[PDB]
Structure formats: C-alpha cells, structure tokens
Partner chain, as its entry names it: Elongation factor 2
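The data below hold one chain only, encoded as structure tokens and taken in the form solved without the partner chain.
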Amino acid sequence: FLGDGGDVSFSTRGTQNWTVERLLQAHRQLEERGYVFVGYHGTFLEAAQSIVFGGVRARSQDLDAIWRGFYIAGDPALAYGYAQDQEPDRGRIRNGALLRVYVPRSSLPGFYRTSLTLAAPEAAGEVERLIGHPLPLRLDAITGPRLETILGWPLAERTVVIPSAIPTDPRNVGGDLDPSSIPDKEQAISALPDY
C-alpha cells in the first residue's frame, strides 16, 4: 500500500523514504479500490511499524471492555498529542509517528456522531442507541467530543494504514503541532466524511 520507492521506516529523524509525492500515489491507489481516509492515529515508533507492516490488531485482553476500539482523530493536532509513553528511554521520551487511517467507503453508514463525551458512563446508553446493539462497537465507529473517533475493533482490523507526511518534532514532543508543518498537498487529501 506504500507505493513505489525504497523500504519505508520510522525514526526520530523521520519516516525514512516517505515523500508527499509517494503519499499522493498511495492515496490514489486506495481511492481506486474504494477506501476512504477517516482520520489520523498518533503513536510511538515501533507501534507505527507494527500497524503499517503487521496490521491493526486488537489485544486478546479486556474483551468485554465497553469502550474498546482503535482511536483516531480527524484533526492531526489532536492525534499529534500522541507519541512515546515509555518515559524511561533515563527519564527520556521520543517523538512518535502520525499515521493515516482508511476504511471502505461502504462502511460509512456505520459511522455515528454524538455530542456526548466518549468513554464516559452517560454516553453509553446514547451510543448503544445510535449503533443498534449493546456496546462494544463491532463494525461501527463513533464520533464525539475537540472531536475524536473510535473504530470498533472488527472495523479497525480491516482498515488500510499508511504513513502521514506531517512530521514529528523532537524539540516539541507531543502537543502544539506546528500548522506550518502540515504539507498542503496532504491537507487537500485530508477531508473527513459526514456522519
């Protein structure tokens, strides 16, 4: 799904071999096979590597946890909020990676929006009423409050995930994402659907 070029990889230095030109080709291939961009996922270097080359896979633990799903956000500033959780590195923290997440255009009618706050008790009955069955999410996704999206694991596991061209800063490190660092070629590829 990565397009033509050399072996892609993740480093604090940056995703090696990933150009916005390469992004553009890969995005086009995906659109030709009916996949749609639904948001960003920010995570640490080796998690990105696992997702991009191994695939989005759920844990075999906490199978009945009500709010389980794969979290993404339309806003890269939001997703940018995520990188190294492994605080030791010596008290150290690395910059992680931002990834783009795609789902089949036909799964869109299972995507819901609520004004309630996700993963809060009160939002539970509302979401079960939107989704059509008891939680957890299956082949559905829910959007709610800045906005974040959770994909039911059965949906999360069938997505196509490729690297983003918006790079992470080490002199920053999870937070105030520099708007001027988001390539505009990518900005014009990152519109979200309505739910």
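Positions refer to the first chain, counted from 1. Think of the rigid core as the biggest set of C-alphas that the two forms share within 1.5 Å after superposition.
Note that the form solved in complex with the partner chain isn't included here; everything after this is about it.
- Proximity of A124 to the partner chain in the deposited bound form falls outside the 4.5 Å heavy atom cutoff.
- Contact between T19 and the partner chain in the deposited bound form is not found at the 4.5 Å heavy atom cutoff.
- Within this chain, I93 lines the site of the partner chain in the deposited bound form, having a heavy atom no more than 4.5 Å away.
- Using a 4.5 angstroms threshold between heavy atoms, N172 counts as touching the partner chain in the deposited bound form.
- When two forms of a protein are overlaid on their rigid core, residues whose CA moves 2 Å or more are considered shifted, and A83 is one of them between the shown form and the other one.
- Relative to the superposed core, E32 undergoes a Cα shift smaller than 2 Å between the shown form and the other one.
- The pair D62 and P136 separates in the deposited bound form: their C-alpha atoms are at least 3 Å more distant from each other than in the form depicted.
- Whereas the shown form places them at one spacing, the Cα atoms of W67 and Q61 lie at least 3 Å closer in the deposited bound form.
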